[PDB]
Every structure is written in C-alpha cells, then in structure tokens.
Amino acid sequence: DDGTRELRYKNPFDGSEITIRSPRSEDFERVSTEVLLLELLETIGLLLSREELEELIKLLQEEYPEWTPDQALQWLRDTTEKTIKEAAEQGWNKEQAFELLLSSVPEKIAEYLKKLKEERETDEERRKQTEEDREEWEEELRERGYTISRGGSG
Ligand SMILES: [K+]
Ligand SMILES: [K+]
C-alpha cells in the first residue's frame, strides 16, 4: 500500500506550509487486527509481541511478493481463526490446534513460529518480557482512546 496518510496545505496568506503524515500501520484497521491476532495465537498457546507479528508479516510478503502488509496480516488472521474453528469442531487441545496452524503456513513461516514457541517455553525471562511489552502496548493504546475488553466463559 501507500503506507502513509497525508494532509498538506500551502497558506496563500503568509506563505507557510504544513505537512501532516501518519503511517497506515497505526490506523485502527491495522492496530485492532494486530491486537486480535495476538489474542488468537495466545489462545492456542503462543504468546507473541507486536514486533514478532510484524516479522511474520515480512516473511509472508517474501513468500508472496504481490501481497501488501495489510493483505498478509488479514490472511494470517483468517488462517488463525479458521484453525481456531476447526479445532473447536474437532475437540482438539491447544497443541493440536497449533500443529494445524503450522501445517497451514509456508515452511519459513512455520519454522519461525516454532522457534518463538520454543523460546517462550525455554526462556522464562524473555517470555515475561514478551508479556511486559504486550501490556505496555495495550496501555499505550488505552492512552490513545482504545478500549480492549475481554470476557469469556471461563
Ligand atoms: K518482506
Ligand atoms: K487451518
């Protein structure tokens, strides 16, 4: 995509000009989908950071150069959601649902997911850091007016 919003105005009265830009990665469509996808992956036992999700976006674009960043993110979201649904329909546990996600993504994607998965399990310090960045980013979104409400069965 263009990747950057812009508003530009040239003042005919005093000759000044102002250029206002902001990346599309901070728009609600991108942000809310990223919050959703991190919640989705945690449901099947994978705690990731935003920056690691951005990394999955880049690798996906390398597998499919025609895909935009938004396109790759939505495909990851949909693939994760359809993995959630099929796991709920088959009565699988979190590990089986995670295996289905690995077999639904390209080889380079799955190897990066398994690396991060192993890292969260073997490195307790970095896992706590991942959770720390997750709550920090949520608090930063709440400072911007975001409301993130969780309510389930359990
Ligand atoms: K890339
Ligand atoms: K799937």
# chains A, B, ... in the order shown; residues from 1 in each chain; ligands from 1
$ closest_atom_pairs --of "chain A" --to "ligand 1" --cutoff "6 Å" --atoms "only C-alpha atoms and all ligand atoms" --output "tab-separated table"
residue	atom	partner	partner_atom_place_in_ligand_line	distance
A:58	CA	ligand 1	1 (K)	3.5
A:59	CA	ligand 1	1 (K)	5.3
A:61	CA	ligand 1	1 (K)	4.8
A:62	CA	ligand 1	1 (K)	4.8
$ residues_around --residues "segment 1-6 of chain A" --least-positions-apart "2" --cutoff "10 Å" --atoms "only C-alpha atoms" --output "PDB file with N, CA and C atoms, in the first residue's frame"
ATOM      1  N   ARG A   8      -1.779  17.969   3.419  1.00  0.00           N
ATOM      2  CA  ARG A   8      -0.821  19.005   3.060  1.00  0.00           C
ATOM      3  C   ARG A   8      -1.563  20.260   2.632  1.00  0.00           C
ATOM      4  N   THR A  19       2.777  19.925   6.521  1.00  0.00           N
ATOM      5  CA  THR A  19       2.615  18.565   6.026  1.00  0.00           C
ATOM      6  C   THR A  19       2.428  17.646   7.223  1.00  0.00           C
ATOM      7  N   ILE A  20       1.316  16.916   7.237  1.00  0.00           N
ATOM      8  CA  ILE A  20       0.933  16.051   8.346  1.00  0.00           C
ATOM      9  C   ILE A  20       0.808  14.635   7.808  1.00  0.00           C
ATOM     10  N   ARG A  21       1.616  13.721   8.336  1.00  0.00           N
ATOM     11  CA  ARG A  21       1.634  12.346   7.862  1.00  0.00           C
ATOM     12  C   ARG A  21       1.539  11.391   9.043  1.00  0.00           C
ATOM     13  N   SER A  22       1.076  10.174   8.758  1.00  0.00           N
ATOM     14  CA  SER A  22       0.968   9.151   9.785  1.00  0.00           C
ATOM     15  C   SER A  22       0.932   7.802   9.092  1.00  0.00           C
ATOM     16  N   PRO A  23       1.634   6.795   9.601  1.00  0.00           N
ATOM     17  CA  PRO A  23       1.677   5.510   8.896  1.00  0.00           C
ATOM     18  C   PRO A  23       0.362   4.759   9.020  1.00  0.00           C
ATOM     19  N   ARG A  24      -0.008   4.072   7.937  1.00  0.00           N
ATOM     20  CA  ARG A  24      -1.206   3.244   7.957  1.00  0.00           C
ATOM     21  C   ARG A  24      -1.104   2.108   8.964  1.00  0.00           C
ATOM     22  N   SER A  25       0.112   1.743   9.381  1.00  0.00           N
ATOM     23  CA  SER A  25       0.283   0.720  10.405  1.00  0.00           C
ATOM     24  C   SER A  25      -0.256   1.154  11.762  1.00  0.00           C
ATOM     25  N   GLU A  26      -0.569   2.436  11.937  1.00  0.00           N
ATOM     26  CA  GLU A  26      -1.178   2.934  13.161  1.00  0.00           C
ATOM     27  C   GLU A  26      -2.669   3.203  13.012  1.00  0.00           C
ATOM     28  N   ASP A  27      -3.246   2.928  11.844  1.00  0.00           N
ATOM     29  CA  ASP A  27      -4.687   3.039  11.681  1.00  0.00           C
ATOM     30  C   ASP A  27      -5.392   1.932  12.459  1.00  0.00           C
ATOM     31  N   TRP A  67       1.622  -9.551  -2.194  1.00  0.00           N
ATOM     32  CA  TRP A  67       0.785  -9.236  -1.043  1.00  0.00           C
ATOM     33  C   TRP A  67       1.233  -7.950  -0.358  1.00  0.00           C
ATOM     34  N   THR A  68       0.259  -7.114  -0.013  1.00  0.00           N
ATOM     35  CA  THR A  68       0.512  -5.932   0.792  1.00  0.00           C
ATOM     36  C   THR A  68       0.681  -6.330   2.258  1.00  0.00           C
ATOM     37  N   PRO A  69       1.226  -5.436   3.095  1.00  0.00           N
ATOM     38  CA  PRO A  69       1.293  -5.750   4.534  1.00  0.00           C
ATOM     39  C   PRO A  69      -0.066  -6.022   5.155  1.00  0.00           C
ATOM     40  N   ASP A  70      -1.076  -5.218   4.809  1.00  0.00           N
ATOM     41  CA  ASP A  70      -2.433  -5.463   5.289  1.00  0.00           C
ATOM     42  C   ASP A  70      -2.965  -6.800   4.786  1.00  0.00           C
ATOM     43  N   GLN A  71      -2.669  -7.138   3.529  1.00  0.00           N
ATOM     44  CA  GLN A  71      -3.137  -8.399   2.962  1.00  0.00           C
ATOM     45  C   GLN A  71      -2.538  -9.591   3.696  1.00  0.00           C
TER      46      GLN A  71
END
$ residues_around --residues "segment 30-42 of chain A" --least-positions-apart "4" --cutoff "10 Å" --atoms "only C-alpha atoms" --output "PyMOL selection string"
chain A and resi 24-26+46-50+52-54+69-70+73-74+76-78+80-81+83-84+94+98+101+134+137-138+141+146+148+150
$ write_last_selection --atoms "N, CA and C atoms" --output "short mmCIF file (atom, residue, chain, number, x, y, z; two decimals), in the first residue's frame"
data_model
loop_
_atom_site.label_atom_id
_atom_site.label_comp_id
_atom_site.auth_asym_id
_atom_site.auth_seq_id
_atom_site.Cartn_x
_atom_site.Cartn_y
_atom_site.Cartn_z
N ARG A 24 -0.01 4.07 7.94
CA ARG A 24 -1.21 3.24 7.96
C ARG A 24 -1.10 2.11 8.96
N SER A 25 0.11 1.74 9.38
CA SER A 25 0.28 0.72 10.41
C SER A 25 -0.26 1.15 11.76
N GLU A 26 -0.57 2.44 11.94
CA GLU A 26 -1.18 2.93 13.16
C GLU A 26 -2.67 3.20 13.01
N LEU A 46 0.51 -19.60 22.07
CA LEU A 46 1.65 -18.85 21.52
C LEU A 46 1.52 -17.39 21.92
N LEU A 47 2.37 -16.96 22.85
CA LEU A 47 2.44 -15.56 23.27
C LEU A 47 3.50 -14.86 22.43
N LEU A 48 3.08 -13.91 21.60
CA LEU A 48 3.97 -13.16 20.74
C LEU A 48 3.88 -11.67 21.05
N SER A 49 4.90 -10.94 20.62
CA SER A 49 4.90 -9.49 20.68
C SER A 49 4.41 -8.91 19.35
N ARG A 50 4.13 -7.61 19.36
CA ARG A 50 3.74 -6.93 18.13
C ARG A 50 4.87 -6.98 17.11
N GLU A 52 7.16 -9.20 16.75
CA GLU A 52 7.28 -10.54 16.18
C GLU A 52 6.15 -10.83 15.20
N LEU A 53 4.98 -10.22 15.42
CA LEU A 53 3.91 -10.32 14.43
C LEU A 53 4.27 -9.56 13.17
N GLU A 54 4.84 -8.36 13.32
CA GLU A 54 5.35 -7.62 12.17
C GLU A 54 6.38 -8.44 11.41
N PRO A 69 1.23 -5.44 3.09
CA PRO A 69 1.29 -5.75 4.53
C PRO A 69 -0.07 -6.02 5.16
N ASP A 70 -1.08 -5.22 4.81
CA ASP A 70 -2.43 -5.46 5.29
C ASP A 70 -2.96 -6.80 4.79
N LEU A 73 -1.39 -9.65 6.76
CA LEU A 73 -1.89 -9.69 8.13
C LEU A 73 -3.30 -10.28 8.18
N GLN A 74 -4.17 -9.88 7.26
CA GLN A 74 -5.52 -10.42 7.24
C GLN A 74 -5.53 -11.91 6.92
N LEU A 76 -3.09 -14.05 7.71
CA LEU A 76 -2.67 -14.67 8.97
C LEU A 76 -3.81 -14.70 9.97
N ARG A 77 -4.57 -13.61 10.07
CA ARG A 77 -5.72 -13.57 10.97
C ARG A 77 -6.75 -14.62 10.59
N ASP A 78 -7.11 -14.67 9.30
CA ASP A 78 -8.13 -15.61 8.85
C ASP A 78 -7.66 -17.05 9.00
N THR A 80 -5.51 -18.16 11.18
CA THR A 80 -5.55 -18.48 12.60
C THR A 80 -6.99 -18.71 13.06
N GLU A 81 -7.92 -17.86 12.62
CA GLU A 81 -9.32 -18.02 13.02
C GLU A 81 -9.91 -19.33 12.51
N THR A 83 -8.26 -21.98 11.88
CA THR A 83 -7.65 -23.02 12.70
C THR A 83 -8.35 -23.14 14.05
N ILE A 84 -8.73 -21.99 14.62
CA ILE A 84 -9.48 -21.98 15.87
C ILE A 84 -10.80 -22.74 15.71
N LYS A 94 -4.87 -27.39 22.68
CA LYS A 94 -4.13 -26.26 22.13
C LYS A 94 -2.97 -26.73 21.26
N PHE A 98 -2.31 -25.87 17.39
CA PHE A 98 -1.07 -25.24 16.97
C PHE A 98 -0.42 -26.01 15.83
N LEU A 101 -2.07 -25.01 12.62
CA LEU A 101 -1.59 -23.73 12.12
C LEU A 101 -0.24 -23.87 11.44
N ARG A 134 3.53 -6.57 25.80
CA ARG A 134 2.13 -6.68 25.39
C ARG A 134 1.23 -5.78 26.24
N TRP A 137 2.08 -2.07 25.39
CA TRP A 137 1.44 -1.59 24.17
C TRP A 137 -0.05 -1.37 24.38
N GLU A 138 -0.70 -2.25 25.14
CA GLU A 138 -2.12 -2.07 25.43
C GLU A 138 -2.36 -0.78 26.20
N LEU A 141 -2.14 2.05 23.83
CA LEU A 141 -3.36 2.17 23.04
C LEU A 141 -4.49 2.78 23.87
N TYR A 146 -8.24 3.78 23.05
CA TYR A 146 -8.66 2.41 22.79
C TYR A 146 -9.29 1.79 24.03
N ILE A 148 -10.12 -2.15 25.23
CA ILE A 148 -9.87 -3.55 24.93
C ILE A 148 -10.48 -4.35 26.07
N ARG A 150 -12.05 -7.94 27.55
CA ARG A 150 -12.03 -9.39 27.46
C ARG A 150 -13.11 -9.98 28.35
#
$ closest_residue --among "A:129, A:149, A:122, A:103" --to "ligand 2" --atoms "only C-alpha atoms and all ligand atoms"
A:103
$ residues_around --residues "residue 63 of chain A" --least-positions-apart "3" --cutoff "12 Å" --atoms "only C-alpha atoms" --output "list in words"
residues 56, 57, 58, 59, 60, 66, 67, 68, 72, 105, 106, 107, 108 and 109 of chain A
$ write_last_selection --atoms "N, CA and C atoms" --output "compact mmCIF listing (two decimals), in the first residue's frame"
# COMPACT_ATOMS: atom_id res chain seq x y z
N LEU A 56 6.38 -11.78 11.14
CA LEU A 56 5.59 -12.73 10.36
C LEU A 56 5.02 -12.08 9.11
N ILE A 57 4.66 -10.79 9.19
CA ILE A 57 4.15 -10.07 8.03
C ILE A 57 5.21 -10.01 6.94
N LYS A 58 6.44 -9.67 7.32
CA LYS A 58 7.51 -9.53 6.34
C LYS A 58 7.80 -10.86 5.66
N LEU A 59 7.90 -11.94 6.45
CA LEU A 59 8.18 -13.25 5.88
C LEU A 59 7.07 -13.69 4.94
N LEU A 60 5.82 -13.39 5.29
CA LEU A 60 4.70 -13.71 4.42
C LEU A 60 4.79 -12.95 3.10
N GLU A 66 3.39 -10.29 -4.15
CA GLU A 66 2.26 -9.48 -4.57
C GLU A 66 1.40 -9.02 -3.40
N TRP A 67 1.62 -9.55 -2.19
CA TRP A 67 0.79 -9.24 -1.04
C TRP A 67 1.23 -7.95 -0.36
N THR A 68 0.26 -7.11 -0.01
CA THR A 68 0.51 -5.93 0.79
C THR A 68 0.68 -6.33 2.26
N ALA A 72 -1.23 -9.54 3.98
CA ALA A 72 -0.59 -10.65 4.68
C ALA A 72 -1.12 -10.78 6.10
N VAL A 105 0.73 -22.95 7.01
CA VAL A 105 1.55 -21.79 6.65
C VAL A 105 2.77 -22.30 5.90
N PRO A 106 3.42 -21.44 5.12
CA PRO A 106 4.64 -21.86 4.42
C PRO A 106 5.71 -22.35 5.38
N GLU A 107 6.71 -23.02 4.80
CA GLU A 107 7.75 -23.66 5.61
C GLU A 107 8.53 -22.64 6.43
N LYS A 108 8.92 -21.52 5.82
CA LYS A 108 9.65 -20.49 6.55
C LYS A 108 8.80 -19.85 7.64
N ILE A 109 7.48 -19.78 7.43
CA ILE A 109 6.60 -19.23 8.46
C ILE A 109 6.52 -20.17 9.65
$ closest_residue --among "A:104, A:117, A:139, A:111" --to "ligand 2" --atoms "only C-alpha atoms and all ligand atoms"
A:104
$ select_by_dssp --residues "chain A" --states "strand (DSSP E)" --output "list in words"
residues 4, 5, 6, 7, 8, 9, 10, 17, 18, 19, 20, 21, 22 and 23 of chain A
$ atom_distance --atom1 "atom CA of residue 87 of chain A" --atom2 "atom CA of residue 119 of chain A"
23.9 Å
$ select_by_dssp --residues "chain A" --states "helix (DSSP H, G or I)" --output "PyMOL selection string"
chain A and resi 24-26+28-43+50-63+69-90+94-102+107-122+124-143
$ closest_residue --among "A:112, A:90, A:145, A:99" --to "ligand 2" --atoms "only C-alpha atoms and all ligand atoms"
A:99
$ closest_residue --among "A:75, A:28, A:9, A:92" --to "residue 144 of chain A" --atoms "only C-alpha atoms"
A:28
